[PDB]
file input_27.txt (compact mmCIF, C-alpha atoms and all ligand atoms)
# COMPACT_ATOMS: atom_id res chain seq x y z
CA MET A 1 25.28 31.72 -8.05
CA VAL A 2 28.23 29.30 -7.92
CA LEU A 3 29.15 26.66 -5.33
CA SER A 4 32.79 26.12 -4.39
CA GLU A 5 34.38 22.68 -4.87
CA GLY A 6 34.44 22.39 -1.07
CA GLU A 7 30.68 23.02 -0.99
CA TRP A 8 30.11 20.40 -3.70
CA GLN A 9 32.13 17.93 -1.66
CA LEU A 10 29.90 18.50 1.39
CA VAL A 11 26.88 17.85 -0.84
CA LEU A 12 28.37 14.70 -2.38
CA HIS A 13 29.53 13.29 0.97
CA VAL A 14 26.04 13.32 2.42
CA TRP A 15 24.66 11.96 -0.88
CA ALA A 16 27.04 9.01 -0.51
CA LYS A 17 25.08 8.08 2.63
CA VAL A 18 21.69 8.47 0.90
CA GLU A 19 23.02 5.95 -1.65
CA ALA A 20 23.39 3.26 1.04
CA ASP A 21 19.57 2.94 0.77
CA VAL A 22 18.03 5.38 -1.70
CA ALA A 23 14.58 3.67 -1.47
CA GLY A 24 14.35 4.21 2.34
CA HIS A 25 15.47 7.84 2.05
CA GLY A 26 12.89 8.44 -0.73
CA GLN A 27 10.06 7.06 1.42
CA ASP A 28 11.07 9.32 4.33
CA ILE A 29 11.32 12.40 2.08
CA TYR A 30 7.92 11.84 0.39
CA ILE A 31 6.25 11.12 3.73
CA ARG A 32 7.70 14.33 5.22
CA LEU A 33 6.62 16.34 2.15
CA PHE A 34 3.04 14.98 2.16
CA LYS A 35 2.63 15.47 5.91
CA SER A 36 4.10 19.01 5.99
CA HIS A 37 2.35 20.19 2.80
CA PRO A 38 -0.62 17.86 2.04
CA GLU A 39 -1.57 19.96 -1.01
CA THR A 40 1.48 18.57 -2.84
CA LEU A 41 0.03 15.08 -2.68
CA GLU A 42 -2.86 16.33 -4.90
CA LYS A 43 -0.43 16.65 -7.84
CA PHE A 44 0.18 12.88 -7.88
CA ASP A 45 -2.70 11.21 -9.75
CA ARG A 46 -1.28 7.81 -8.83
CA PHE A 47 -0.84 8.57 -5.08
CA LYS A 48 -3.39 11.19 -4.05
CA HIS A 49 -5.64 8.44 -2.62
CA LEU A 50 -3.08 7.52 0.11
CA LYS A 51 -4.61 8.51 3.47
CA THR A 52 -1.91 7.78 6.08
CA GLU A 53 1.85 7.41 6.66
CA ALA A 54 1.23 3.63 6.96
CA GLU A 55 -0.35 3.57 3.49
CA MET A 56 2.50 5.66 2.06
CA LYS A 57 5.14 3.37 3.58
CA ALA A 58 3.32 0.30 2.18
CA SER A 59 3.08 1.72 -1.38
CA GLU A 60 5.48 -0.11 -3.69
CA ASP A 61 4.81 2.43 -6.47
CA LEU A 62 5.58 5.40 -4.16
CA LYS A 63 8.82 3.65 -3.15
CA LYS A 64 9.75 3.21 -6.82
CA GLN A 65 8.92 6.85 -7.52
CA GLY A 66 11.20 7.97 -4.66
CA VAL A 67 14.09 5.95 -6.10
CA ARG A 68 13.53 7.53 -9.54
CA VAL A 69 13.39 11.08 -8.18
CA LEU A 70 16.40 10.81 -5.85
CA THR A 71 18.48 9.08 -8.56
CA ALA A 72 17.68 11.90 -11.04
CA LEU A 73 18.53 14.52 -8.38
CA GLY A 74 21.75 12.65 -7.49
CA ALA A 75 22.78 12.70 -11.18
CA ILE A 76 22.17 16.46 -11.21
CA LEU A 77 24.19 17.04 -8.02
CA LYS A 78 27.09 14.97 -9.40
CA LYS A 79 27.31 17.45 -12.33
CA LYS A 80 28.26 20.15 -9.77
CA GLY A 81 26.32 22.88 -11.56
CA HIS A 82 26.89 21.61 -15.12
CA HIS A 83 23.36 20.22 -15.37
CA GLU A 84 21.81 21.94 -18.37
CA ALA A 85 21.11 18.66 -20.22
CA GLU A 86 19.62 16.96 -17.17
CA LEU A 87 17.36 19.93 -16.35
CA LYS A 88 15.77 20.26 -19.80
CA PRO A 89 13.46 17.21 -19.78
CA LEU A 90 12.64 17.68 -16.06
CA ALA A 91 11.69 21.34 -16.49
CA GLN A 92 9.51 20.51 -19.50
CA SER A 93 7.65 17.65 -17.81
CA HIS A 94 7.19 19.46 -14.50
CA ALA A 95 6.07 22.71 -16.15
CA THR A 96 3.76 21.25 -18.78
CA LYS A 97 2.58 17.79 -17.71
CA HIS A 98 2.77 17.74 -13.90
CA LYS A 99 2.31 21.53 -13.33
CA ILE A 100 4.58 21.84 -10.30
CA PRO A 101 5.01 25.39 -8.99
CA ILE A 102 8.43 26.60 -7.78
CA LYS A 103 6.92 26.86 -4.27
CA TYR A 104 6.38 23.06 -4.32
CA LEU A 105 10.02 22.59 -5.30
CA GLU A 106 10.84 24.70 -2.24
CA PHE A 107 8.70 22.41 -0.08
CA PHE A 108 10.47 19.37 -1.54
CA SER A 109 13.88 20.94 -0.81
CA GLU A 110 12.73 21.57 2.81
CA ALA A 111 11.74 17.87 3.08
CA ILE A 112 15.15 16.70 1.79
CA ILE A 113 16.98 18.94 4.24
CA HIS A 114 14.79 17.76 7.15
CA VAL A 115 15.41 14.07 6.41
CA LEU A 116 19.18 14.49 5.90
CA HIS A 117 19.39 16.49 9.13
CA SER A 118 17.48 13.72 10.97
CA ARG A 119 19.29 10.72 9.50
CA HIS A 120 22.81 12.04 8.92
CA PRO A 121 24.10 14.30 11.71
CA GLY A 122 27.59 12.88 10.99
CA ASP A 123 27.57 14.34 7.45
CA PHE A 124 24.96 17.05 7.74
CA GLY A 125 26.26 19.58 10.22
CA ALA A 126 25.77 23.32 9.67
CA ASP A 127 28.33 23.72 6.88
CA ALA A 128 27.00 20.69 4.99
CA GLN A 129 23.35 21.81 5.35
CA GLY A 130 24.34 25.26 4.04
CA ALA A 131 26.05 23.61 1.04
CA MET A 132 22.99 21.43 0.31
CA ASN A 133 20.74 24.47 0.62
CA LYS A 134 22.95 26.30 -1.91
CA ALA A 135 22.87 23.31 -4.33
CA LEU A 136 19.08 22.97 -4.13
CA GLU A 137 18.61 26.75 -4.48
CA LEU A 138 20.80 26.68 -7.62
CA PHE A 139 18.72 23.81 -9.00
CA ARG A 140 15.46 25.69 -8.31
CA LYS A 141 16.82 28.94 -9.81
CA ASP A 142 17.80 27.14 -13.01
CA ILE A 143 14.44 25.27 -13.17
CA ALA A 144 12.57 28.55 -12.66
CA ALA A 145 14.51 30.14 -15.54
CA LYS A 146 13.61 27.16 -17.75
CA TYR A 147 9.95 27.30 -16.64
CA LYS A 148 9.88 30.90 -17.90
CA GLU A 149 11.44 29.94 -21.25
CA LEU A 150 8.83 27.16 -21.54
CA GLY A 151 5.88 29.53 -20.94
CA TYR A 152 5.05 28.51 -17.36
CA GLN A 153 4.74 30.96 -14.51
CA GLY A 154 4.88 28.50 -11.64
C1 LIG A 201 14.41 17.64 -7.07
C2 LIG A 201 13.13 17.81 -7.43
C3 LIG A 201 12.43 16.78 -8.35
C4 LIG A 201 13.00 15.90 -9.18
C5 LIG A 201 14.51 15.66 -9.47
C6 LIG A 201 11.94 15.15 -9.82
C7 LIG A 201 12.14 14.13 -10.72
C8 LIG A 201 11.14 13.42 -11.36
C9 LIG A 201 11.32 12.38 -12.34
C10 LIG A 201 12.69 11.87 -12.86
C11 LIG A 201 10.10 11.97 -12.72
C12 LIG A 201 9.74 10.91 -13.78
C13 LIG A 201 10.05 11.50 -15.18
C14 LIG A 201 9.31 12.80 -15.44
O1 LIG A 201 8.04 12.78 -15.47
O2 LIG A 201 9.99 13.86 -15.63
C15 LIG A 201 9.11 12.75 -11.99
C16 LIG A 201 7.75 12.59 -12.09
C17 LIG A 201 6.78 13.28 -11.39
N1 LIG A 201 7.00 14.36 -10.54
FE1 LIG A 201 8.87 15.06 -10.00
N2 LIG A 201 10.73 15.62 -9.36
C18 LIG A 201 10.98 16.62 -8.44
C19 LIG A 201 10.04 17.35 -7.75
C20 LIG A 201 8.67 17.19 -7.79
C21 LIG A 201 7.68 17.79 -6.91
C22 LIG A 201 8.02 18.73 -5.73
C23 LIG A 201 6.47 17.36 -7.29
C24 LIG A 201 5.07 17.68 -6.69
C25 LIG A 201 4.92 18.35 -5.54
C26 LIG A 201 6.65 16.49 -8.43
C27 LIG A 201 5.65 15.86 -9.13
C28 LIG A 201 5.80 14.81 -10.01
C29 LIG A 201 4.72 14.03 -10.54
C30 LIG A 201 3.21 14.18 -10.23
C31 LIG A 201 5.36 13.00 -11.45
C32 LIG A 201 4.64 11.88 -12.21
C33 LIG A 201 4.66 10.76 -11.16
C34 LIG A 201 4.06 9.46 -11.60
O3 LIG A 201 4.48 8.93 -12.66
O4 LIG A 201 3.16 8.95 -10.88
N3 LIG A 201 8.00 16.40 -8.71
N4 LIG A 201 9.79 13.62 -11.15
XE XE A 202 11.56 11.54 -2.99
XE XE A 203 11.76 19.38 -11.25
XE XE A 204 14.52 20.81 -5.54

call {"tool": "encode", "arguments": {"input": "input_27.txt", "output": "structure tokens", "more": "lines below"}}
Ligand code: HEM
Ligand SMILES: [Xe]
Ligand SMILES: [Xe]
Ligand SMILES: [Xe]
result
Amino acid sequence: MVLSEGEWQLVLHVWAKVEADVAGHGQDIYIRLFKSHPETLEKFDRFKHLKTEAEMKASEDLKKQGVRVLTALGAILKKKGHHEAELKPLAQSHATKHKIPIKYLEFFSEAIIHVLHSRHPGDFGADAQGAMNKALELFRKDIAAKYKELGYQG
């Protein structure tokens, strides 16, 4: 699969808004993920103790984690599909250390889309959401292929 330049521009234009406050967006995305799919929280040794949205919002380490994750994803999106080098260390760590199944990456993608739809109706109409879906699908497809090379069915 290949996104058009126009599709990449829809992705990058909503990402520009995320970058006004990446920390706030990261909190919202993690909170949505953990509420919609509580099982995902179990993968985080450092965060699995958090009991409520209030506790999640108050967690400085969770905030920092959200910034790290969204910055790494942003770097990937800015490559517009040319992300082989960026994907290698992520695929290895998530396959082998963190043990994150592709289904959890799907849940995370769903959380991103939900938050962008909520926060950014001005840059996340139907065409833009379709472009972001395509970009995240591409990312997951490429991660899944690397998972397989790395010896992880996940
Ligand atoms: C776009 C998708 C994702 C990106 C770009 C991403 C990125 C990152 C980065 C950059 C790190 C720190 C470096 C590393 O260990 O590789 C990390 C750590 C981690 N990731 Fe992900 N991640 C994604 C999805 C997920 C999902 C869906 C889960 C679980 C449901 C997950 C679980 C973890 C865990 C448990 C750590 C270690 C956290 C800690 O240090 O406390 N990741 N991720
Ligand atoms: Xe996040
Ligand atoms: Xe990942
Ligand atoms: Xe993703």

call {"tool": "residues_around", "arguments": {"input": "input_27.txt", "residues": "residue 23 in chain A", "least_positions_apart": "6", "cutoff": "12 Å", "atoms": "only C-alpha atoms", "output": "number ranges by chain"}}
result
A: 29-30, 57, 59-71

call {"tool": "residues_near_point", "arguments": {"input": "input_27.txt", "point": "(28.5, 12.4, 4.3)", "cutoff": "8 Å", "atoms": "only C-alpha atoms", "output": "number ranges by chain"}}
result
A: 10-17, 120, 122-124

call {"tool": "residues_around", "arguments": {"input": "input_27.txt", "residues": "range 3-8 of chain A", "least_positions_apart": "6", "cutoff": "8 Å", "atoms": "all atoms listed in the file", "output": "PyMOL selection string"}}
result
chain A and resi 80-81+128+131-132+134-135

call {"tool": "axis_aligned_box", "arguments": {"input": "input_27.txt", "around": "range 34-46 of chain A", "padding_each_side": "3 Å", "output": "JSON"}}
result
{"center_x": 0.6, "center_y": 14.0, "center_z": -1.9, "size_x": 13.0, "size_y": 18.4, "size_z": 21.7}

call {"tool": "closest_residue", "arguments": {"input": "input_27.txt", "among": "A:84, A:55, A:42, A:149", "to": "ligand LIG 201 (chain A)", "atoms": "all atoms listed in the file"}}
result
A:42

call {"tool": "residues_near_ligand", "arguments": {"input": "input_27.txt", "ligand": "ligand LIG 201 (chain A)", "cutoff": "9 Å", "atoms": "only C-alpha atoms and all ligand atoms", "output": "VMD selection string"}}
result
chain A and resid 33 to 34 37 39 to 47 61 to 62 65 to 66 68 to 76 87 89 to 94 97 to 109 112 136 139 to 140

call {"tool": "closest_residue", "arguments": {"input": "input_27.txt", "among": "A:38, A:27, A:83, A:144", "to": "residue 56 in chain A", "atoms": "all atoms listed in the file"}}
result
A:27

call {"tool": "atom_distance", "arguments": {"input": "input_27.txt", "atom1": "CA of residue 114 in chain A", "atom2": "CA of residue 130 in chain A"}}
result
12.5 Å

call {"tool": "closest_residue", "arguments": {"input": "input_27.txt", "among": "A:145, A:126, A:95, A:31", "to": "ligand XE 202 (chain A)", "atoms": "all atoms listed in the file"}}
result
A:31

call {"tool": "atom_distance", "arguments": {"input": "input_27.txt", "atom1": "atom XE of ligand XE 202 (chain A)", "atom2": "CA of residue 25 in chain A"}}
result
7.4 Å

call {"tool": "closest_residue", "arguments": {"input": "input_27.txt", "among": "A:88, A:141, A:32, A:146", "to": "ligand XE 202 (chain A)", "atoms": "all atoms listed in the file"}}
result
A:32

call {"tool": "atom_distance", "arguments": {"input": "input_27.txt", "atom1": "CA of residue 115 in chain A", "atom2": "CA of residue 28 in chain A"}}
result
6.8 Å

call {"tool": "closest_residue", "arguments": {"input": "input_27.txt", "among": "A:48, A:36, A:54, A:96", "to": "residue 154 in chain A", "atoms": "all atoms listed in the file"}}
result
A:96

call {"tool": "closest_residue", "arguments": {"input": "input_27.txt", "among": "A:143, A:19, A:86, A:153", "to": "ligand XE 203 (chain A)", "atoms": "only C-alpha atoms and all ligand atoms"}}
result
A:143

call {"tool": "decode", "arguments": {"input": "input_27.txt", "residues": "range 71-93 of chain A", "atoms": "N, CA, C and O atoms", "output": "compact mmCIF listing (two decimals), in the first residue's frame"}}
result
# COMPACT_ATOMS: atom_id res chain seq x y z
N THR A 71 6.12 11.52 19.69
CA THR A 71 7.27 12.10 18.97
C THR A 71 7.87 11.06 18.01
O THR A 71 8.19 11.37 16.86
N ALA A 72 8.03 9.82 18.48
CA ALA A 72 8.53 8.74 17.62
C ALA A 72 7.57 8.46 16.45
O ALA A 72 8.01 8.31 15.32
N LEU A 73 6.26 8.44 16.72
CA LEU A 73 5.27 8.26 15.67
C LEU A 73 5.29 9.43 14.68
O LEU A 73 5.28 9.23 13.47
N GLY A 74 5.34 10.66 15.20
CA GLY A 74 5.47 11.85 14.35
C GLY A 74 6.67 11.78 13.42
O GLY A 74 6.55 12.11 12.24
N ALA A 75 7.82 11.31 13.93
CA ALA A 75 9.03 11.17 13.10
C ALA A 75 8.79 10.17 11.97
O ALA A 75 9.21 10.40 10.82
N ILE A 76 8.07 9.10 12.29
CA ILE A 76 7.71 8.08 11.30
C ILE A 76 6.79 8.67 10.24
O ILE A 76 7.05 8.53 9.05
N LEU A 77 5.73 9.36 10.67
CA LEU A 77 4.79 9.96 9.72
C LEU A 77 5.48 10.98 8.79
O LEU A 77 5.18 11.05 7.60
N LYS A 78 6.44 11.73 9.33
CA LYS A 78 7.15 12.73 8.52
C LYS A 78 8.02 12.11 7.42
O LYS A 78 8.37 12.79 6.45
N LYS A 79 8.35 10.82 7.57
CA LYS A 79 9.06 10.06 6.53
C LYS A 79 8.17 9.67 5.34
O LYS A 79 8.68 9.25 4.28
N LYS A 80 6.85 9.82 5.52
CA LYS A 80 5.89 9.56 4.44
C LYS A 80 6.13 8.20 3.77
O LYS A 80 6.16 8.07 2.53
N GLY A 81 6.27 7.17 4.60
CA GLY A 81 6.40 5.81 4.12
C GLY A 81 7.83 5.31 4.08
O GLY A 81 8.05 4.10 4.05
N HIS A 82 8.80 6.22 4.11
CA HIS A 82 10.22 5.84 4.04
C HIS A 82 10.80 5.67 5.45
O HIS A 82 11.72 6.40 5.86
N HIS A 83 10.25 4.71 6.18
CA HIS A 83 10.47 4.65 7.64
C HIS A 83 11.13 3.36 8.09
O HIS A 83 11.03 2.98 9.27
N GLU A 84 11.82 2.70 7.17
CA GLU A 84 12.50 1.44 7.49
C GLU A 84 13.40 1.55 8.72
O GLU A 84 13.35 0.69 9.62
N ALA A 85 14.24 2.59 8.74
CA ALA A 85 15.24 2.76 9.82
C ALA A 85 14.59 3.02 11.16
O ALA A 85 15.06 2.52 12.20
N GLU A 86 13.51 3.79 11.15
CA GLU A 86 12.78 4.14 12.36
C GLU A 86 12.04 2.92 12.91
O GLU A 86 11.91 2.75 14.13
N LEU A 87 11.53 2.07 12.01
CA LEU A 87 10.73 0.92 12.44
C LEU A 87 11.54 -0.20 13.06
O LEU A 87 11.02 -0.94 13.89
N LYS A 88 12.80 -0.34 12.64
CA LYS A 88 13.63 -1.46 13.12
C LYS A 88 13.74 -1.56 14.64
O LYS A 88 13.40 -2.60 15.20
N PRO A 89 14.21 -0.49 15.32
CA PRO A 89 14.35 -0.63 16.78
C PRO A 89 13.01 -0.77 17.50
O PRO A 89 12.93 -1.47 18.52
N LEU A 90 11.97 -0.12 16.97
CA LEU A 90 10.63 -0.19 17.56
C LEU A 90 10.04 -1.60 17.45
O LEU A 90 9.51 -2.14 18.42
N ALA A 91 10.12 -2.18 16.26
CA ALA A 91 9.67 -3.55 16.05
C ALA A 91 10.42 -4.51 16.98
O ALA A 91 9.81 -5.36 17.63
N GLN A 92 11.73 -4.36 17.08
CA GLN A 92 12.48 -5.29 17.94
C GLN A 92 12.08 -5.16 19.41
O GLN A 92 11.85 -6.17 20.09
N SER A 93 11.98 -3.94 19.91
CA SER A 93 11.64 -3.76 21.33
C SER A 93 10.21 -4.21 21.62
O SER A 93 9.95 -4.86 22.64
